[PDB]
């Protein structure tokens, strides 16, 4: 919970809102969390086309300059780091616990957009998407929860009953929104993502 940081970046809108005007851009909010090895997880869709991403811890007002290590394209995950060491001082990385089951309560921790306070959201795993290799083995690919993740929270951690992390959280964009539906990327995807980065 002290590992949950707020992400600041500049969001350039995808569309011309009027054909005779430059694309509207403005500063946006997002969430992330500290994992082991001086790394911060967050979503990709908030650090794309970035010029500079700045982080912020809970009690402090001090912003820090993050360094984009990798930006996923197969999944909405970004891997960051910070050069300053004052950032990593006195903060405990999250721990990754057991994969949740259907109807399991999850908790999503993030910073709602336009503020510095932390929001904690309760949700239950209402749907799972499951990968299936030709080997015969199946890994967990997607989680859906029955609670809406408000805008700024996207990219924060999702915890199980035991305060252990079970993935990254995402506001439901497609279809209709704010209708009590959220998404979560399970740990195996996060693993593969880091694996593909470290190895290559």
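Residue numbers count along the first chain shown, from 1.
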**Complete:** Comparing 186-194 with 13-21, the higher average Cα temperature factor in the PDB entry belongs to 186-194
**Message:** I need to verify one thing: averaged over C-alpha atoms only, is the B-factor higher for 83-91 or for 112-120?
**Reply:** 83-91
**Complete:** Max C-alpha B-factor within the set 159, 170, 33, 133 falls on 133
**Complete:** Listed options 138, 151, 43, 144: highest C-alpha B factor recorded at 138
**Asked** Considering only modelled residues of the same chain, in which third does the CA B-factor of residue 59 rank: lowest, middle or highest?
**Response** highest
